[PDB]
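What follows is the residue order along each chain.
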Amino acid sequence: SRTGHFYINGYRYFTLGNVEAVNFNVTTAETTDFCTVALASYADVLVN
Amino acid sequence: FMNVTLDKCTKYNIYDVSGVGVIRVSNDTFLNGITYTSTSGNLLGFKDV
Ligand SMILES: *[C@@H]1O[C@H](CO)[C@@H](O)[C@H](O)[C@H]1NC(C)=O
Ligand SMILES: *[C@@H]1O[C@H](CO)[C@@H](O)[C@H](O)[C@H]1NC(C)=O
Ligand SMILES: *[C@@H]1O[C@H](CO)[C@@H](O)[C@H](O)[C@H]1NC(C)=O
């Protein structure tokens, strides 16, 4: 997050002070490398 | 280090939550999170990192 909160599998390990930009250094030989790396914003919803 | 007596009455501090009781191994995937608490507020089970 922009605030710097860091979450792995839901729980938050620690929060960084701030992040201007994020760069992801992940290298996968597999052509079907991964499904998604996206941006998003807060909202109010319900869940089951 | 992670001392963990298994099957006796003990004190405990797990992730900043304290108490007393006995620990039982279980078989449940539950990879969603790291701590599980009852409606009352008393923790029921935890997963090793
Ligand atoms: C998940 O990865 C597999 C790997 O081959 C790919 O075929 C599939 O399209 C992916 N599914 C997604 C991104 O929903
Ligand atoms: C924790 O485990 C180690 C290894 O047996 C032991 O030396 C140490 O005394 C234990 N600590 C307590 C508080 O029992
Ligand atoms: C695993 O868990 C289920 C339900 O929690 C239980 O019925 C079963 O006896 C446990 N052990 C094995 C070997 O499946």
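1. Some thoughts on the overall build of chain B
When helices and strands are tallied, chain B shows zero helices and four strands. Beginning at the N terminus, the succession of helices and strands in chain B can be written as β-β-β-β. On the principal axes, the C-alpha backbone points of chain B span a range of 25 × 25 × 20 Å. At a minimum sequence separation of 6, the contacts of chain B that also span at least 24 residues come to 11%.

2. Section: the pairing of strand β2 (residues 11-15) of chain A
Residue and element names in this part refer to chain A. Examined bridge by bridge, strand β1 (residues 5-8) and β2 share four bridges and lie antiparallel to one another. By the bridge assignment for β2, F6 is matched with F14. Hairpin connection between β1 and β2: a loop of two residues separates the two successive antiparallel strands, and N9 in this loop has a positive phi of roughly 55°.

3. Overview of unusual backbone geometry
At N9 of chain A, a residue that is not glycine, the phi angle is positive and equals roughly 55°. Residue placement: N9 of chain A occurs in the loop between β1 and β2. In this structure, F30 of chain B is a non-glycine residue whose phi angle is positive, near 40°. Inspection of the secondary structure assignment puts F30 of chain B in the loop between β2 (17-21) and β3 (35-37).

4. Some thoughts on the environment of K8 of chain B
Residues and elements named next belong to chain B. For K8, the location among the structural elements is in the segment before β1 (10-14). Between the alpha carbons of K8 and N32 there is a distance of 28 Å; along the sequence they are 24 residues apart. What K8 contacts, discounting residues up to four positions off in sequence, is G21 and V22.

Calculation rules
- Residues numbered from 1 in each chain as written, not as in the entry; some residues may be left out.
- Chains lettered and ligands numbered in written order.
- Part of a larger assembly, values for the part shown.
- Heavy atoms only, no water.
- Residues with missing side-chain atoms left out of burial classes, pairs and counts.
- Helix = DSSP H or I, 4+ residues; strand = E, 2+ residues; numbered from the N terminus.
- Contact = heavy atoms within 4.5 Å.
- Pairing = 2+ DSSP bridges.

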